[PDB]
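*Asks:*
2 protein chains.
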Amino acid sequence: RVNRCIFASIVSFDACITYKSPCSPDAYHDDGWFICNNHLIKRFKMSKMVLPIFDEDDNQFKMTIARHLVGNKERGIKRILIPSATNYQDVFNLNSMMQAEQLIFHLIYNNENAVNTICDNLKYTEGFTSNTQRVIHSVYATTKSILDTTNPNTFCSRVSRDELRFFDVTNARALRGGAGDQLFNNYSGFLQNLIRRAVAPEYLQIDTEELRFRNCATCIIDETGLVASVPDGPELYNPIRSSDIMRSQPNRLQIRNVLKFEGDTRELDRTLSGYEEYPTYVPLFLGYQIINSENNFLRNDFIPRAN
Amino acid sequence: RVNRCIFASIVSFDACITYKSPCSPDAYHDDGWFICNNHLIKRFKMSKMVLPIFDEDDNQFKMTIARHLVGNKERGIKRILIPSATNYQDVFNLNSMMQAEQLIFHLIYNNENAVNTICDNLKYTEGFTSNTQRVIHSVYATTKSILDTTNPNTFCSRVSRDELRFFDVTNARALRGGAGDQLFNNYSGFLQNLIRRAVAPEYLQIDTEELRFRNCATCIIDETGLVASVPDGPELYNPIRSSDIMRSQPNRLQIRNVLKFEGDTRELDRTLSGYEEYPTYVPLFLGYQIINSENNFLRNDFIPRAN
């Protein structure tokens with residue numbers, strides 16, 4: 014009934030022109046992700062999806078998982094999914110989109126100086142006190158109201174030190190972790206919640222048993238933020254297919270369409286019926302997870318967690 | 014209209030007891046495989062499935078791929094998918110099933126001595142010449158009629174040397190291959206066709222472009238046949254779930270159901286709607302493929318192929 018996306022309250026606070034809100038209907042779900050899918054695929058290279066864990070005794074249990082939207086020939090900056098604090102202002106080219114987007118992003122990355130600069134650049138204009146002040150305060154309040162819940166510290170911490178989620182394999186039966194954990198713990202609580210819900214483990218630990226869902230990692234935590242780079246090998250094929258983009262003619266991309274497949278393949282598809290198609294898009298997979306015996310996985314209330 | 018599975022012609026040539034034929038309806042498809050899915054999952058640890066390849070210019074192209082039916086705690090013999098000539102009679106305990114099954118398996122692995130022994134053991138019985146003679150010729154003729162088509166040599170070879178399928182990564186832009194290729198070329202044409210349609214490459218080569226579908230291998234070619242052992246790590250999780258088994262109560266397995274998941278997770282599934290479920294089962298993925306420029310992939314007529 015109520016939207017639960019940070020970008021859902023985006024407003025072009027000129028008080029004259031209306032504003033957009035392209036959030037998909039899944040934003041209203043209490044899934045734990047606080048970004049609508051459209052904003053997830055437009056702002057970052059991610060896409061919500063679910064990973065179901067089965068058994069032999071007919072039991073269902075599912076955990077969320079993200080997906081790449083990056084291709085092959087894109088290298089460097091274009092491979093970045095969630096840039097870190099140092100490398101976000103350059104990759105989001107913030108002087109292009111709306112002012113409220115800049116405010117939201119600067120709140121996300123704890124850049125208070127940018128917030129003050131946008132506020133005092135807004136202040137000098139005519140008609141600020143009419144509606145701009147109240148609208149910018151409403152946007153700020155909504156962003157804070159979404160940011161605090163994801164934050165672990167807050168006023169009174171509802172933190173559950175149960176799911177030891179380490180994005181590394183060093184002393185698996187311990188709390189020892191590499192610099193990846195230090196980099197991951199350097200994000201805002203919203204960022205940590207998003208990256209925790211986005212990437213699913215390839216090794217899992219419940220009670221005393223060990224589970225495995227992949228053989229090699231897919232992404233890696235870097236100083237340039239979360240980057241979709243396969244370790245030790247050429248980048249994985251990703252067909253991109255269809256995704257939304259800002260189409261208002263500011264500038265056009267070259268794209269340089271890598272594949273065309275000019276041949277005809279109607280008969281081959283016709284002769285192969287439903288065989289559980291198993292789509293070949295590349296999902297995220299990184300890290301080692303440990304679950305304590307006492308913990309529960311049915312806490313629908315969004316709890317930031319901490320390892 | 015006509016079944017294209019070897020095991021579809023299985024008949025208990027006693028002329029008194031009726032015969033079984035549990036092939037699924039997909040056996041009648043001209044999909045390239047020559048084993049019904051039911052026999053595929055009952056005799057070997059495979060299950061047919063398809064894998065579509067996309068582009069950016071709205072084109073479709075799909076190739077076959079097999080699936081594991083092996084769990085985690087199974088080690089050694091139970092990890093064997095398609096046993097080789099040396100290690101097939103021990104793993105298939107051939108003295109337990111029907112005689113015709115033994116004949117088929119001995120024809121598959123070019124064990125002519127076993128064929129002659131089964132024939133001259135059948136010869137001495139009463140009523141052999143009445144109908145058992147013609148039934149054993151019927152079974153032999155059908156098995157040979159399926160075996161020769163997959164065979165490359167035969168009478169006149171319809172072999173195409175365009176697809177270079179290497180189950181190794183050594184001198185990718187060359188014909189050099191490791192011992193895996195030598196072991197693979199030691200199988201019957203039926204076996205080669207099955208393992209060619211079962212495992213899909215992790216790198217693909219069309220013209221000059223390089224494609225990728227996995228970051229690390231899943232199975233490995235051994236002297237003990239095709240064994241489903243992931244390299245460099247613990248065995249992958251596989252729920253097994255529901256599969257057919259010989260249900261006549263001769264003996265009962267311990268199974269030792271590994272997971273039970275006593276917890277309740279109805280609400281967690283309720284709060285997550287359709288999010289591209291992405292099933293987490295383990296498919297086969299091994300080898301490097303090269304496609305020449307002029308080759309075609311719409312040949313409905315099955316061709317054994319040779320690298």
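As they're listed, the protein sequences go chains A and B.
FYI, in the entry's author numbering the residues of the first sequence are 14 to 320.
FYI, in the entry's author numbering the residues of the second sequence are 14 to 320.
Ideal placement from N, C-alpha and C gives every residue a C-beta, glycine not left out.
Consider the Cβ of A/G246: report whether some Cβ of chain B lies at a distance smaller than 9 Å.
*Replies:* Within the first sequence, the letter at position 233 stands for residue 246 of chain A. So, interface residue.
*Asks:* Beta strand (DSSP E) containing B/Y216: first to last residue?
*Replies:* Position 203 of the second sequence, counting from 1, holds the residue named residue 216 of chain B. Segment 216-219, the beta strand (DSSP E) holding B/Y216.
*Asks:* Could you tell me which residues DSSP pairs with A/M62 in its beta bridges?
*Replies:* The residue you call residue 62 of chain A lines up with position 49 of the first sequence. Answer is A/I78, bridged to A/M62.
*Asks:* Please confirm if B/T284 has its CB atom under 9 Å from at least one CB of chain A.
*Replies:* By 1-based counting over the second sequence, the position of residue 284 of chain B is 271. For B/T284, the answer is yes, since a Cβ of chain A falls inside 9 Å of its Cβ.
*Asks:* Ends of the alpha helix (DSSP H) at A/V152?
*Replies:* Stepping through the first sequence from its first residue, residue 152 of chain A is reached at position 139. Where A/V152 is concerned, the enclosing alpha helix (DSSP H) stretches over 146-163.
*Asks:* How about the region 208-225 of chain A and the region 152-162 of chain A: do they share at least three Cβ pairs that are nearer than 8 Å?
*Replies:* Output reads no: the region 152-162 of chain A does not touch the region 208-225 of chain A.
*Asks:* Considering only residues of the same chain and omitting the five flanking positions on each side of A/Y216, which have a CB-CB separation below 6 Å?
*Replies:* Against the first sequence, residue 216 of chain A aligns to sequence position 203. Counting only Cβ-Cβ distances below 6 Å, and skipping sequence neighbours, we find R225, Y301.
*Asks:* For A/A241, count neighbouring Cβ atoms within 10 angstroms of its own Cβ and tell me buried if that reaches 16, exposed if not.
*Replies:* Locating residue 241 of chain A in the first sequence gives position 228, where the first residue counts as 1. Buried is the call here.
*Asks:* When the Cα atoms are used, what is the spatial distance from B/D43 to A/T284?
*Replies:* As a position in the second sequence, residue 43 of chain B is number 30, starting the count at 1. As a position in the first sequence, residue 284 of chain A is number 271, starting the count at 1. Taking the straight line from one Cα to the other gives about 7 Å.
*Asks:* Tell me which residues of the region 24-47 of chain A have at least one Cβ-Cβ distance to chain B shorter than 8 Å, keeping chain order.
*Replies:* Listed in sequence order: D39, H42, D43, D44.
*Asks:* Mind the definition here: the region 108-126 of chain A touches the region 20-27 of chain A only if three or more C-beta pairs lie below 8 Å; say whether that holds.
*Replies:* The region 108-126 of chain A vs the region 20-27 of chain A: in contact.
*Asks:* What residue does the beta strand (DSSP E) around B/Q205 start on, and which one ends it?
*Replies:* Position 192 of the second sequence holds residue 205 of chain B. Premise fails: B/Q205 lies in the alpha helix (DSSP H), 202-211, not in any beta strand (DSSP E).
*Asks:* Determine the chain A residues that contact B/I253 at a beta-carbon separation under 7 Å, and present them in chain order.
*Replies:* Counting from one through the second sequence, the residue named residue 253 of chain B turns up at place 240. Correct list: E69.
*Asks:* Within 10 angstroms of the Cβ of B/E248, are there 16 or more other Cβ atoms? Answer buried if so, exposed if not.
*Replies:* By 1-based counting over the second sequence, the position of residue 248 of chain B is 235. By the neighbour-count rule (16 or more Cβ atoms within 10 Å), B/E248 is buried.
*Asks:* Start and end of the alpha helix (DSSP H) containing A/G193?
*Replies:* Along the first sequence, one-based indexing puts residue 193 of chain A at 180. 192-197 is the extent of the alpha helix (DSSP H) around A/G193.
*Asks:* Please state if the CB of B/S34 and the CB of B/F57 are separated by a distance shorter than 9 Å.
*Replies:* Locating residue 57 of chain B in the second sequence gives position 44, counting from the first residue. Locating residue 34 of chain B in the second sequence gives position 21, counting from the first residue. No, these two residues do not count as a Cβ contact at 9 Å.
*Asks:* Determine, for B/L299, whether the minimum Cβ-Cβ distance to residues of chain A falls below 9 Å.
*Replies:* Along the second sequence, read from residue 1 onward, the residue named residue 299 of chain B stands at position 286. No, B/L299 lies away from the interface with chain A (no Cβ there is under 9 Å from its Cβ).
*Asks:* Pull up the CB-CB distance for A/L116 and A/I131, whole angstroms please, since I reckon it's below 8 Å.
*Replies:* As a first step, residue 116 of chain A must be located in the first sequence, where it is residue number 103. As a first step, residue 131 of chain A must be located in the first sequence, where it is residue number 118. The Cβ separation is near 6 Å, so the contact holds.
*Asks:* Spell out whether any CB of chain B is found under 9 Å from the CB atom of A/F57.
*Replies:* As a first step, residue 57 of chain A must be located in the first sequence, where it is residue number 44. Taking Cβ atoms only, chain B never reaches closer than 9 Å to A/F57, which makes this a no.
*Asks:* Are A/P263 and A/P165 touching if we call contact CB-CB under 9 Å?
*Replies:* Numbered from its first residue, the first sequence carries residue 263 of chain A at position 250. Numbered from its first residue, the first sequence carries residue 165 of chain A at position 152. No.
*Asks:* Could you check how far apart the C-beta atoms of B/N228 and A/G246 are, in whole angstroms? I think they sit under 8 Å.
*Replies:* Counted from its first residue, the second sequence places residue 228 of chain B at position 215. Counted from its first residue, the first sequence places residue 246 of chain A at position 233. B/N228 to A/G246, Cβ: 6 Å. Contact.
*Asks:* In this structure, does DSSP put A/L272 in helix, strand or coil?
*Replies:* As a position in the first sequence, residue 272 of chain A is number 259, starting the count at 1. Looking at A/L272 - three-state DSSP - the assignment turns out to be coil, as it is neither helix nor strand.
*Asks:* Could you tell me which of B/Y250, B/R14, B/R279, B/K75 sits nearest to A/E223, measuring between CA atoms?
*Replies:* To locate residue 223 of chain A, count along the first sequence from 1; it is residue 210. When only C-alpha atoms are compared, the closest one is B/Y250.
*Asks:* Checking the sheet assignment: what are the DSSP bridge partners for B/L239?
*Replies:* Residue numbering aside, residue 239 of chain B sits at position 226 when the second sequence is read from its first letter. Paired residue(s): B/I95, B/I234.
*Asks:* Got a sec: is the Cβ-Cβ distance from A/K61 to anything in chain B below 9 Å?
*Replies:* Reading the first sequence from its first residue, position 48 is the one you call residue 61 of chain A. With 9 Å as the cut-off, A/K61 counts as an interface residue toward chain B.
*Asks:* Check the Cβ of B/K91 against every Cβ in chain A and list those closer than 7 Å, keeping chain order.
*Replies:* Sequence index remark: in the second sequence, residue 91 of chain B carries index 78 (1-based). None at all; the shortest Cβ gap to chain A is about 16 Å.
*Asks:* Identify the contact partners of B/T162 in chain A, using a Cβ-Cβ distance below 9 Å as the criterion.
*Replies:* As a working mapping, residue 162 of chain B is identified with position 149 in the second sequence. Simply none; closest approach about 17 Å.
*Asks:* Can you name the start and end residues of the beta strand (DSSP E) that B/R186 belongs to?
*Replies:* Numbered from 1 along the second sequence, position 173 holds the residue referred to as residue 186 of chain B. Taken as a continuous stretch (DSSP letters only), B/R186 belongs to no beta strand (DSSP E), as it is neither H nor E.
*Asks:* Got a sec, what are the start and stop residues for the beta strand (DSSP E) A/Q302 sits in?
*Replies:* Translated into positions along the first sequence, residue 302 of chain A becomes position 289. Per DSSP, A/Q302 belongs to the beta strand (DSSP E) from 301-304.
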